[PDB]
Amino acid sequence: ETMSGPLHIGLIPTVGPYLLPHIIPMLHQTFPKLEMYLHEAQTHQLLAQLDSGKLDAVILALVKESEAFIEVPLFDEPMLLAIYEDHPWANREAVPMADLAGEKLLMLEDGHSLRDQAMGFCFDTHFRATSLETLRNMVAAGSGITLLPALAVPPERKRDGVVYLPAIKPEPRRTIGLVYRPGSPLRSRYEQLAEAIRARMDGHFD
């Protein structure tokens, strides 16, 4: 009922830390009687817990598995390219995917709906990052290039020895949605929540 009481939400590692600072302060001053509880795990994990009843809702990149549940699209997040300053394309304005296919990049470990989402798998490499940050910094160390969700990219085009430039033709995207168990009595609750978020993140990538 009324937006009051303990709410247990889980976000996947590649979303939580970059999305939260944008919507949390807003949600607090719009649902003051909402007792927040932020959890963090991989998609399989968060999905299992949602099913058990441990979690009230989960925010992640919609995938095949999140199909069994009620999915609520929050926003589409584009993915930019990340390269070290000493790279040829460092001065480009955008890079077409075609230019990548012929080269290899650093990826996150299996279990992160980013590897199993990089426009199929046209992109071996017996070293995986486990965090998006560890990944970002490998780029700084000039050990390779990678794709990163827009929200994890700083406002500056260049920073800490890394350059972030648009990926186009096609622009890689992933859909961030809110997911809750079908039937849940608190269906309206979750609903307004997804509403508030969807609102605040509208036309955020312009």
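Each residue number is its position in the shown sequence, starting from 1.
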{"query": "Unmodelled deposited residues flanked by residue 123 on one side and residue 124 on the other", "finding": "4 to 9"}
{"query": "Mean temperature factor over C-alpha atoms, higher-scoring stretch between 52-60 and 30-38", "finding": "30-38"}
{"query": "Mean C-alpha B-factor comparison - 72-80 and 98-106, higher one", "finding": "98-106"}
{"query": "Cα B factor band for residue 131 (lowest, middle or highest third within the chain)", "finding": "lowest"}
{"query": "CA B-factor ranking of residue 185, expressed as a third of its chain", "finding": "highest"}
{"query": "Ranked C-alpha temperature factor of residue 157 among modelled chain residues, by third", "finding": "highest"}
